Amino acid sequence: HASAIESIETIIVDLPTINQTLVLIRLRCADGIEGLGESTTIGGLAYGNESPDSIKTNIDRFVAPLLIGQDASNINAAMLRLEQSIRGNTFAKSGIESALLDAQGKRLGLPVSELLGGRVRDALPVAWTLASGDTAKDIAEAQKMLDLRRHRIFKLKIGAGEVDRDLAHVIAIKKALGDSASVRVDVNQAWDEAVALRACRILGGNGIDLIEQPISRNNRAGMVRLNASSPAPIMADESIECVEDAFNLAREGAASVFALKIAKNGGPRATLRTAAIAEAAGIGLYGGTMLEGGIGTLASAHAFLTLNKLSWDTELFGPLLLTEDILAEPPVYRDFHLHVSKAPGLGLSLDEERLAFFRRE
């Protein structure tokens, strides 16, 4: 009549942006406590093998049956029970663990960061992706975010256009901002090593601070070679699809910085194991996102608050892209940071009206 998991509801929500689809998880226990989680991805199946649609399918058909009736207060046991019968599906697992953590936090009256060991900071620096595709527009937007003291670290997505044009674009943005901001790029696996070996040298010699996943996660030997030739640090993102990938990447020397995404590792706890491996290997950390709304963003944040050091900051700006979220109170952003409260669990509540209005069904 207390901690037993009573029900797990998965809801697909479509929210307008400045459309983003989220998968909300509502986990309820026998004692009335409800935990909220979020499994969100980008562009259907273009950025991962799990879509919001298949996440709901697999949670409803396989995850729920395994957890209904289980003690929600033993999260390690619940997640291992899942790992025993379910391969992959890390996005789904991440949402489920987030919900369990939120519920256990409420149950003990402690924020998730404390359940995870204890925070060493209350705020996290938040970078911003400039996505207009227009050099002039990006520079203006960056200067705007700087003036409003919202962001001072900017990320540029490149790789889709002609290499020299992408490079000129990013370099022109850094040149305009100078030392007033940190400029990084994400190539999303777009380049072949033949192109990256030259492009990384150019970006590194022109003020770009970090080069995220320049080539395919499949060119394992190539990522190692690029770490040696690139004068700028390389960060692994897509190369990490589970905690074990983190170890293998560190063993091989495939990247000097690891992006930490709860969706890719299977939840905050799994993400902290990936962080532990990176730290033990002397690899830098970055708080990554799959553009989650407030729930997923805070689930990530609470884990990041416990890290000794986050040398490369975070990109937890997902909520800032939504013209409307399903939360009664959005996360707090001020002076270049995301400020995380000490409220129990994830410290957020659902706005039932907006949920009913935006839920696909």
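All residue numbers are counted from 1 along the displayed sequence.
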For the stretches 141-149 and 231-239, which has the higher mean C-alpha B-factor as given in the deposited record? 141-149
Going by the B-factors listed in the PDB entry, is the mean over the C-alpha atoms higher for 58-66 or for 319-327? 319-327
Identify, among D31, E292, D313, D53, the residue whose C-alpha carries the highest B-factor in the deposited PDB entry. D31
Max C-alpha B-factor within the set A343, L15, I25, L338 falls on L15
What third of the chain does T135 rank in for C-alpha temperature factor, lowest, middle or highest? highest
Split into thirds by Cα B-factor across the chain's modelled residues, where does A181 land: lowest, middle or highest? middle
Using only modelled residues of the chain, where does the Cα B factor of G117 rank: lowest third, middle third or highest third? middle
Entry-reported Cα temperature factor of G296, expressed as the chain third it lands in: lowest
How does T90 rank on Cα B-factor within its chain, lowest, middle or highest third? lowest
